[PDB]
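Asks: Protein chains in written order, with the entry's author numbering: chain D, 2 to 296; chain C, 2 to 296; chain A, 2 to 295; chain B, 2 to 296. Quick reminder that beta carbons are idealized off the backbone N, C-alpha and C, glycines included. Input: one structure, supplied below.
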């Protein structure tokens, strides 16, 4: 197919490279002329701007650092919209604000253009080997049309379930992993301060929610089944957090996420949940967010 | 064997019950006379106080709510120490402050008595079926001697690798799981606010550090190998957290752990780590705790 | 003077109203037709868009909700720049991102136009009576030129000392007051949970840094003089926070700012500051922010 | 008067010294022999233990680091209670847990002894000059009886309004001042990172709640009068916090208290308070603590 590829960064370059290997004709653009030259050496045609990249393209892929740059490439001076056919499909593979993705898709549809969000999981090493995780937003029809192109860049495609759902699931995933890293560090540094070999902690945690997560362990048969009868009471969880923070403060291990988490359990106790299962923290956060209680 | 069991609460009662089933002779004590009566009906001998429970016992188990109650049962009026043989082994299976465990073990050794820490993972349902996770502190010799008794109450034993290491690994495990629950709730409620079905997010997160944890995914070949060359740069992780918090604040989903986590990544960027792998957050927290940089 | 006023919200409407009262000729624009009509009834000339508002104006005031809207009104379709004289002075009185203010001022200077930041302190009640606090950014020349106009809308002018310094001081002020409100609430609710009448706590706190602030009490003769010898050691402050959080957690009073503050003191103790004066927390935060130690 | 003084630390030594200057006869005790020697040189009589210090004393003052040490000095081996007259008055000037103060006062009353809590504000420099703030707990009768003694050590007495109210107001004061210091540092460092001279910020803040506090400015005529009609809406305050956090994160100034504060305003918005006065944050925190809404 005729493809325009805008954004030849650490992810974009290997993604574009895999499309060339699968026999697509690429017109490429990036602000960095050396990055363009590298794709031209692999068989891409250079374009002077996004509009020229888009001219006669069936698929327009953007892979850019943020939503302001995506908007500028699509709607700015010499933007994709100046070169775009109404039969073409724009695929934004960028990680940007989901409400910016919604507004770009709406603004494209107002001009008779089709756009879908397919951000990716895994890092540039996986981009090189075409083993990215494709988080495919867009309509079922758009995902079906894009899939042959997308499978050149990734090895696994997840149906995110609609326009803007790809960037939403990417954002939930990255929010959880990035925050989890800071909490993981607190546990590991407290472990070191207590002179406990980390491998012993990892062995224990690999067998509990500590290492496996709550989503598929503690939650399914309790809060997610509407059952808050306790396996492990909020009062006990709150007590154990207080012990961890007592130790951390005696050993000068700063634990901001632990300190914040205890005040969440304290709010749950103030709301009368002390004898509920620890999975009831999900319902407490829903109520704090103004949502209707499910249990 | 001849066993004393002190503490017949939601965990202790079924633990004591399993020891009776395996043919041990138990002398039991608790402040609740009905809890004692229930074990006496199953063939336990009652004790008037901990000293009487301990008399002629080879193994003395405590399962109590906190370190002050363990100290009072061991060292107080009619305490275990008044009835204890120097050949006997005290096993505290309580979840208490680890520096309190160390001081109890030291105070016992000063009187020529042997004591180890074997707190347990999993909840009272597992206590009933003898499927607790045994977190065995103590010397190699103590863990070897206690193992046949402990396997009556649990189905898996982890050798924590020394006196006080059992209570340490229990505290690290519970700190991590209890705080993780609060973070998991933030991610799940943001997911709901963005109209993304939870199961779709869990399917994606099950394949990344979000669902699998950093301990065995992102950390081993980076920070834990002394390599902070980036797979995923701190600058990008910090930017994505900012987007998550922007969305949460627009949708009034309070995310205190996320908000705290972004200020940790901000401090990492201030310390010059913006171009390092996200696993460098472990080193940042070590430095914040006054530890010497490893990388 | 000939003034354009863009933004007739809860602050903008009474500010524009005070300029009319002091005899200025105003050309007004807002997207809300009722807000424009209210100013027209007081003697303003309506303009169809920002460009037309700016035409023949000596001073162009913007009072808008955020920096994206200020940029759109200045640089967008029918924007101020299409009607602006190089002799005119643009005054943004909005509370927006300070780095956006810097970029707007620079973008205006690149087109030969003059722009200054004069955000305002105090509320719409003060906007009605012309008793706002004027937080005047801009060059000394711009502040001098604007002052006669600004004194129609405010009763007190602070010269913030340069382009972008007005929005900076407004942001520092509001950051501190808005966050302080959340901490004040934690202290007041813990007070109630301990069955202590609030008036007793306020009487005590009015005599200490609790009620008077650290900026002019504990800091000047210690950290701000480069003296970290202790009047009140970080170790003691950290211990007392632990007691407060123990009580709050027993009484189920959630104290997230207190919980966060103890982990800041914990980091100071990790950095070897436990025997330093509590004012050394400022130096700890500077180091955490990557600044050169004092 | 005949006074026993137990605790000759950085605060206790100068407090005892001022009682000597005002012509009282002191029996002093501390485990630190250098501190005792210094007071003996100023005319104090040394005592071997608290019981001997208390013998024939009308007033017994304790100034100790924590509630366990106060309990040990009053009720332990050779404790004050062994030397105490029922006509004497015990004054604990320590900063300890208020529920420990309550239990000490109750335990003393059970033995027919009278005890009040009079902790102090201001630092050791003020202790030297007798210019401490006296935070007088106790009954009206106890405060009246103690006042002549207390005015030797402090220049201002506040009647806290009952037994245990002195330690409560000391804890509220120190909680607020100690946490405020950390918030003050965030504002001052953000100021420096923006290249704004700090003196300009202090001049502005001295005229607003930023420098004067909310307790006597924004609160009295709004939330404390049951009026949540907005002078400054929660929505606007929340927006401005988001701008401050955006700037802090771009300039890598870590602002954990600011980050936490924005999630409190976010919870207020979730509870429907966005168009309420910012003083409604007090009501939000009361509701989060399980208290009945007032307004």
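Is it true that the stretch 174-193 of chain A meets the stretch 205-224 of chain B, where meeting means three or more beta-carbon pairs spaced less than 8 angstroms apart?
Replies: The stretch 174-193 of chain A is in contact with the stretch 205-224 of chain B.
Asks: With a CB to CB cut of under 8 angstroms and the five nearest residues on each side skipped, what residues in its chain are close to residue 4 of chain B?
Replies: Taking the first residue of the fourth chain as 1, we reach residue 4 of chain B at position 3. The answer, listed in chain order, is 20, 25, 26, 27, 28, 58, 59, 60, 61, 62 and 150.
Asks: Using a Cβ-Cβ distance cut-off of 8 angstroms, determine whether residue 272 of chain C contacts chain A.
Replies: Position 271 of the second chain, counted from the first residue, corresponds to residue 272 of chain C. By this cut-off, residue 272 of chain C is an interface position.
Asks: Among D:183, D:229, D:82 and D:99, whose alpha-carbon lies nearest the alpha-carbon of residue 91 of chain D?
Replies: Taking the first chain and counting its residues from 1, the one referred to as residue 91 of chain D is at position 90. With distances taken between Cα atoms, residue 91 of chain D lies closest to D:82.
Asks: Is there at least one non-hydrogen atom of the ligand NAD closer than 7 angstroms to the beta-carbon of residue 44 of chain B?
Replies: This structure lacks the ligand NAD; in fact it carries no ligand of any kind.
Asks: Name the DSSP beta bridge partners of residue 231 of chain A, please?
Replies: If you number the third chain from 1, residue 231 of chain A lands on position 230. Per DSSP, none; premise fails for residue 231 of chain A.
Asks: Do residue 201 of chain A and residue 280 of chain A have their beta-carbon atoms positioned less than 8 angstroms apart in this structure?
Replies: Here residue 280 of chain A refers to the residue found at position 279 when the third chain is read from its first residue. Here residue 201 of chain A refers to the residue found at position 200 when the third chain is read from its first residue. Contact flag unset, no.
Asks: How would you list, in chain order, the residues of chain B whose beta-carbon sits under 7 angstroms from the beta-carbon of residue 253 of chain C?
Replies: Here residue 253 of chain C corresponds to residue number 252 of the second chain, with the count starting at 1. Chain B residues near residue 253 of chain C: 267, 270 and 271.
Asks: Could you check whether the Cβ of residue 121 of chain D sits closer than 8 angstroms to any Cβ belonging to chain C?
Replies: Here residue 121 of chain D is taken as the residue at index 120 of the first chain, counted from 1. No, residue 121 of chain D lies away from the interface with chain C (no Cβ there is under 8 angstroms from its Cβ).
Asks: Per the contact definition of three or more C-beta pairs closer than 8 angstroms, is the stretch 132-143 of chain A in contact with the stretch 168-182 of chain B?
Replies: Flag = no, the stretch 168-182 of chain B and the stretch 132-143 of chain A do not touch.
Asks: Kindly indicate if chain A contains any beta-carbon less than 8 angstroms away from that of residue 290 of chain C.
Replies: Reading the second chain from its first residue, position 289 is the one you call residue 290 of chain C. Yes, because at least one Cβ of chain A sits closer than 8 angstroms to the Cβ of residue 290 of chain C.
Asks: Of the residues C:257, C:152, C:87 and C:47, which one's Cα is nearest the Cα of residue 113 of chain C?
Replies: Stepping through the second chain from its first residue, residue 113 of chain C is reached at position 112. Among C:257, C:152, C:87 and C:47, the Cα nearest to that of residue 113 of chain C belongs to C:87.
Asks: In the DSSP assignment, find the unbroken alpha helix (DSSP H) run with residue 216 of chain B in it and report its ends.
Replies: Within the fourth chain, residue 216 of chain B is the residue found at index 215, counting from 1. Here residue 216 of chain B belongs to no alpha helix (DSSP H), and DSSP marks it neither H nor E.
Asks: Would you list, in sequence order, the uninterrupted beta strand (DSSP E) runs of no fewer than 3 residues that lie entirely inside the stretch 58-107 of chain B?
Replies: Within the stretch 58-107 of chain B, the complete beta strand (DSSP E) runs of at least 3 residues are 60-63 and 90-93.
Asks: Using the beta-carbon of each residue, which ones in chain D are nearer than 7 angstroms to residue 260 of chain A?
Replies: Here the question's residue 260 of chain A lines up with position 259 in the third chain. Near residue 260 of chain A (Cβ distances below 7 angstroms), the residues of chain D are 260, 261, 263 and 264.
Asks: Helix, strand or coil, according to DSSP, for residue 9 of chain C in the structure here?
Replies: The count along the second chain starts at 1 and reaches residue 9 of chain C at position 8. Of the three classes helix, strand and coil, the one that applies to residue 9 of chain C here is coil, per DSSP.
Asks: Could you tell me whether any Cβ in chain A is nearer than 8 angstroms to the Cβ of residue 33 of chain D?
Replies: Walking along the first chain from the start, residue 33 of chain D turns up at place 32. It does not: the Cβ of residue 33 of chain D has no partner Cβ on chain A nearer than 8 angstroms.
Asks: For the stretch 232-246 of chain D, which residues have a beta carbon sitting closer than 7 angstroms to at least one beta carbon of chain C?
Replies: So the list reads 232, 233, 238, 241, 242, 244 and 245, given in the order they occur along the chain.
Asks: Please confirm whether residue 257 of chain D has its beta-carbon closer than 8 angstroms to some beta-carbon of chain B.
Replies: Position 256 of the first chain holds residue 257 of chain D. Yes, because at least one Cβ of chain B sits closer than 8 angstroms to the Cβ of residue 257 of chain D.
Asks: Check whether the Cβ atoms of residue 105 of chain A and residue 75 of chain A sit closer than 8 angstroms, and answer yes or no.
Replies: Taking the first residue of the third chain as 1, we reach residue 105 of chain A at position 104. Taking the first residue of the third chain as 1, we reach residue 75 of chain A at position 74. Result yes, Cβ atoms of residue 105 of chain A and residue 75 of chain A sit closer than 8 angstroms.
Asks: According to DSSP, is residue 131 of chain B helix, strand or coil?
Replies: Numbered from 1 along the fourth chain, position 130 holds the residue referred to as residue 131 of chain B. It is coil, neither helix nor strand.
Asks: How many whole angstroms separate the CB atoms of residue 97 of chain D and residue 71 of chain D, which I take to be in contact at a CB cut-off of 8 angstroms?
Replies: Along the first chain, read from residue 1 onward, the residue named residue 97 of chain D stands at position 96. Along the first chain, read from residue 1 onward, the residue named residue 71 of chain D stands at position 70. Indeed, because the Cβ distance is near 6 angstroms, the residues count as touching under 8 angstroms.
Asks: Which same chain residues end up closer than 8 angstroms to residue 265 of chain A when comparing Cβ atoms and leaving out the 5 residues on each side of it in sequence?
Replies: On the third chain, residue 265 of chain A is found 264 positions in, with the first residue counted as 1. Cβ neighbours of residue 265 of chain A beyond the five flanking positions: 282, 285 and 286.
Asks: Can you list, in chain order, the residues of its chain with a C-beta nearer than 6 angstroms to that of residue 127 of chain D? Leave out the 5 residues immediately preceding and following it.
Replies: Mapped onto the first chain, residue 127 of chain D falls at position 126. 133, listed in sequence order.
Asks: Is the shortest distance between the beta-carbon of residue 212 of chain B and the beta-carbons of chain A less than 8 angstroms?
Replies: Locating residue 212 of chain B in the fourth chain gives position 211, counting from the first residue. At least one chain A Cβ lies under 8 angstroms of residue 212 of chain B.
Asks: At a Cβ threshold of 8 angstroms, is residue 250 of chain C touching chain B?
Replies: Along the second chain, one-based indexing puts residue 250 of chain C at 249. True, the Cβ-Cβ gap to chain B drops below 8 angstroms.
Asks: Using a Cβ-Cβ cut-off of 8 angstroms, state whether residue 102 of chain A counts as contacting chain B.
Replies: The residue you call residue 102 of chain A lines up with position 101 of the third chain. Cβ-Cβ to chain B under 8 angstroms: no for residue 102 of chain A.
Asks: Which value, in whole angstroms, describes the spacing of the CA atoms of residue 67 of chain C and residue 95 of chain C?
Replies: Locating residue 67 of chain C in the second chain gives position 66, where the first residue counts as 1. Locating residue 95 of chain C in the second chain gives position 94, where the first residue counts as 1. Rounded to whole angstroms, residue 67 of chain C to residue 95 of chain C spans 7 angstroms at the Cα level.
Asks: Which class does residue 30 of chain B belong to by DSSP, given the choice of helix, strand or coil?
Replies: One-based indexing of the fourth chain puts residue 30 of chain B at position 29. Reduced to three states, the DSSP call for residue 30 of chain B is strand.
Asks: Give the straight-line distance between the Cα atoms of residue 163 of chain B and residue 12 of chain A, rounded to the nearest whole angstrom.
Replies: If you number the fourth chain from 1, residue 163 of chain B lands on position 162. If you number the third chain from 1, residue 12 of chain A lands on position 11. Spanning the two alpha carbons is a distance of roughly 47 angstroms.
Asks: Please confirm if residue 187 of chain A has its CB atom under 8 angstroms from at least one CB of chain B.
Replies: As a working mapping, residue 187 of chain A is identified with position 186 in the third chain. Yes, residue 187 of chain A lies at the interface with chain B (some Cβ there is under 8 angstroms from its Cβ).
Asks: For residue 148 of chain D, name the three-state secondary structure that DSSP assigns.
Replies: Here residue 148 of chain D corresponds to residue number 147 of the first chain, with the count starting at 1. Correct three-state label for residue 148 of chain D: helix.
Asks: Less than 8 angstroms between the CB atoms is what I'm expecting for residue 8 of chain B and residue 85 of chain B, so what's the real figure, rounded?
Replies: Your numbering for residue 8 of chain B matches position 7 in the fourth chain. Your numbering for residue 85 of chain B matches position 84 in the fourth chain. Not quite, the Cβ-Cβ distance comes to about 16 angstroms (not below 8 angstroms), so this is no contact.
Asks: Considering only residues of the stretch 131-208 of chain A, which uninterrupted alpha helix (DSSP H) runs meet the minimum length of 4 residues and lie entirely inside it, listed in chain order?
Replies: Whole alpha helix (DSSP H) segments, 4+ residues: 141-151, 166-194 and 199-206.
Asks: Are the C-beta atoms of residue 276 of chain C and some chain D residue less than 8 angstroms apart?
Replies: Position 275 of the second chain, counted from the first residue, corresponds to residue 276 of chain C. Chain D contact via Cβ: absent.
Asks: Consider the Cβ of residue 193 of chain A: report whether some Cβ of chain B lies at a distance smaller than 8 angstroms.
Replies: Along the third chain, read from residue 1 onward, the residue named residue 193 of chain A stands at position 192. Yes, because at least one Cβ of chain B sits closer than 8 angstroms to the Cβ of residue 193 of chain A.
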